[PDB]
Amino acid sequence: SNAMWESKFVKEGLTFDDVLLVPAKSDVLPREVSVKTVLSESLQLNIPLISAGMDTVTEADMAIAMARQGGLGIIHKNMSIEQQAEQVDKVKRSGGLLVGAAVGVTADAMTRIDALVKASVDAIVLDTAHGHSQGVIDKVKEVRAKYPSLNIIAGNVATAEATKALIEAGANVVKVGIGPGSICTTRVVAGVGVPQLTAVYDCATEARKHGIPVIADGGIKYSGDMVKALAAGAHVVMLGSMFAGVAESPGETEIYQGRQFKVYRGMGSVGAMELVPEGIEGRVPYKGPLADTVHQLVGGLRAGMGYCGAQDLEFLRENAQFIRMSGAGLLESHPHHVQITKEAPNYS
């Protein structure tokens, strides 16, 4: 048979829980490493964390808190153009903080982008389920032509070919992830995706050739997953579930069975779209102020970089090595054969 028929099952992919980072010679202290990342000359983050553009994760208060921590918030698009620009302006006016804003790849995308730019947004996230679509390429080209110095984050993709296409269209950051999200059912209902560590590595392999940073978006459930994503080639990670329970996320806290929870739902869930949904609606434990969660995340990254001998994220991306393991490896890696009696601040 011909080539495409015979190649159907050749590829294999890895997720975070399939690997560990191999410790390496180190003369760097975790407290000393640099976790700064340059997404563009006008978009420099002191910590490599972006909060997702989801209506249960990031509005103005979250974006302010993220920026004050050194990261970035993406204001979600499930609001009027006027309100989104208002939230962007609110963040800009809170000390000149960095802020991004999500825009769908639709006919009126440019109208929303116009108002966000008037509000001095620092980056637009052209967000779509399938970034390797001809419409997304076309929209990226159109935005780049109108706003030649605007930071354009485009996604989501999971292949080198898609990454190449968005870069050549004019995106200066590519967002990587099809289906790994904690609330995501795309892989179950449509059958489509790429295991996220392989997606990041494949997309970074291409993006590196152009000097373009990639965002590892989705499926990070512990701080070590972030370290693996950055070591696989991402400049920065995007989190939904691990931020949805913090005080500054939108949505109120509820008590269920005597415990505190916040609603967290996919943007393709029935509730968010108000259909054949590609996400579910759920709840996550309340975690208190964002600063505490960021401290645990960055602390785990600093530890991981110390173990890998990485003074900065460039060294980590370029040098860190992995070792593949089985599910037995994963069970050994977590706590095991002990009844845990207290919740740790970075493990529950």
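C-alpha atoms forming the largest set that superposes within 1.5 Å between two forms make up the rigid core. So that there is no doubt, residue numbering starts at 1 and follows the sequence shown.
- Here the rigid core sets the fit, and in 8 other deposited structures of this protein the C-alphas of 245 to 253 stray farther than those of the other stretch, out of 203 to 211 and 245 to 253.
- Between 160 to 168 and 179 to 187, greater CA displacement relative to the shown form is found for 179 to 187 when the structures in 8 other deposited structures of this protein are fitted on the core.
- The gap between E274 and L275 holds 10 or more unmodelled residues of the deposited sequence.
- As the entry records it, the average C-alpha temperature factor is higher for 29 to 37, out of 318 to 326 and 29 to 37.
- Comparing 237 to 245 with 140 to 148, the higher mean C-alpha B-factor in the PDB entry belongs to 140 to 148.
- Across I183, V105, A232, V125, the greatest Cα temperature factor reported in the deposited entry is at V105.
- Highest C-alpha temperature factor among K175, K228, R259, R187, as the PDB entry reports it: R259.
- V338 sits in the highest third of its chain by CA B factor, as recorded in the PDB entry.
- When the modelled residues of the chain are ordered by C-alpha B-factor, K77 sits in the highest third.
- In the PDB entry, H295 places in the middle third of its chain by CA B-factor.
- Among all modelled residues in its chain, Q196 ranks in the lowest third by Cα B-factor.
- Among all modelled residues in this chain, the alpha-carbon of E252 has a temperature factor (C-alpha) in the highest third.
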